[PDB]
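Here we start with a single chain on its own, the form deposited in one PDB entry, put down as structure tokens.
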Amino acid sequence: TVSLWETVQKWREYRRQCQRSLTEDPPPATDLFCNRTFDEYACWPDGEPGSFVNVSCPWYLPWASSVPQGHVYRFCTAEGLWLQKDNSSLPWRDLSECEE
């Protein structure tokens, strides 16, 4: 029975590891890659222009062991910007494989 405090500690560790990776990983081959980023939910690598990018369900989720095959998706546009949801600047994301 997974508690809030356990989940916060795992999230902090996921964030810490993500931030190290963002800092440490070498720069993309061109500025047309979408920028790696931690969006509070998942750690995203650089994205090739015109491509979908996927990462595994974030491991700190309370139900992570119930979604061991799932992935979350972004789309990197040809201009090096993550695709945005309309009438906002929030990124488009498909998290449906990582729901409870």
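So that there is no doubt, residue numbering starts at 1 and follows the sequence shown. Between two forms, the rigid core is the largest collection of C-alphas that superpose within 1.5 Å. Shifts are known only where both forms have a C-alpha.
Comparing 61 to 69 with 40 to 48, the stretch with the higher mean C-alpha B-factor in the PDB entry is 61 to 69. For the pair 52 to 60 and 29 to 37, the record assigns the higher mean C-alpha temperature factor to 29 to 37. Highest C-alpha temperature factor among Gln9, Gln84, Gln17, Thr23 per the entry: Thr23.
Form deposited in another entry: not shown, discussed below.
Core-superposed comparison between the shown form and the other one: the CA of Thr30 exceeds or equals a 2 Å shift. Annotation: Cα of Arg12 displaced by less than 2 Å between the shown form and the other one, core superposition. Regions that shift between the shown form and the other one, defined as runs of three or more consecutive residues whose CA atoms all move by 2 angstroms or more after core superposition, comprise 29 to 31, 85 to 89.
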